[PDB]
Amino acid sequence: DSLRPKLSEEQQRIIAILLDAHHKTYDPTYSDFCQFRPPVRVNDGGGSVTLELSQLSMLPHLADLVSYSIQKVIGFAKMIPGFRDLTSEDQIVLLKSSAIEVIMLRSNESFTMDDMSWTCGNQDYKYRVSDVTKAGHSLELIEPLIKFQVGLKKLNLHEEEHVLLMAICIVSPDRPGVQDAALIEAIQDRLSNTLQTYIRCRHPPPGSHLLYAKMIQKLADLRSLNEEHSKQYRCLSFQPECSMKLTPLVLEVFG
């Protein structure tokens, strides 16, 4: 039965805009990483919550990484068809609430199953579980995060599906504090319809009209990661002098 409408003119334009937005906002050569505060990796095979919190050795580097990435996500979001129709208030509510989620999704591009790390072109910029603990996070966030990255990789998304997924994440009508939920939902539906249509015309075999449900379940998983991150960030923020180690944008988004 399984009908396969072709992508409309407009849906094809939405995909090209999203791909363009992504390519303008994600440098796959990682060439800006030398501009961040440098990574420092203290000795911590233990690897000791007391010590991690005392030093927070990887925090200035990873806060700079995330802060830069939030800036990129803002730029990506402004190019999503319809985002600019939203009030400024709703734009910002959507950005602040999705930031960490979009970062976790876009990080999949540097994540490698070779060794279960985020590898950004060189061993100074390879991030492992241990480097995240050295920024003051705990295994209750990191291990589910890695499971998420693996499950995502194993979907083998086309770049089209990947950018649609990021856009769908940002334009979510159920975020706390949004005012025009209906408009946001309309924007999201246009994107969701484009993704469903895409998978059905363009993603082979296909028996896997399972993929759209799989993608949606990733969005649910990201919600869980987002709350756990928020809880841990709050604990991190109790560490004296933590704020120095962050950035103004990070502080505003998560504080």
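One-based numbering along the sequence shown. Basically, rigid core = biggest C-alpha set you can superpose within 1.5 Å across the two forms.
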{"property": "Positional deviation of Cα atoms in 7 other deposited structures of this protein after core superposition, greater for 120 to 128 or 99 to 107", "result": "120 to 128"}
{"property": "22 to 30 against 198 to 206 - segment lying farther from this form in 7 other deposited structures of this protein (CA RMS, rigid core fit)", "result": "198 to 206"}
{"property": "Of 163 to 171 and 132 to 140, the one with larger mean CA B-factor", "result": "132 to 140"}
{"property": "Stretch exceeding the other in mean C-alpha B-factor - 70 to 78, 146 to 154", "result": "146 to 154"}
{"property": "Residue with maximal Cα B-factor (values as given in the PDB entry) among 229, 200, 37, 218", "result": "200"}
{"property": "Chain-relative CA temperature factor third for residue 191", "result": "middle"}
{"property": "Third of chain Cα B-factors occupied by residue 21", "result": "lowest"}
{"property": "B-factor third for the C-alpha atom of residue 61 within its chain", "result": "lowest"}
{"property": "CA B-factor ranking of residue 48, expressed as a third of its chain", "result": "highest"}
{"property": "Relative C-alpha B-factor of residue 3, binned into the chain's lowest, middle or highest third", "result": "highest"}
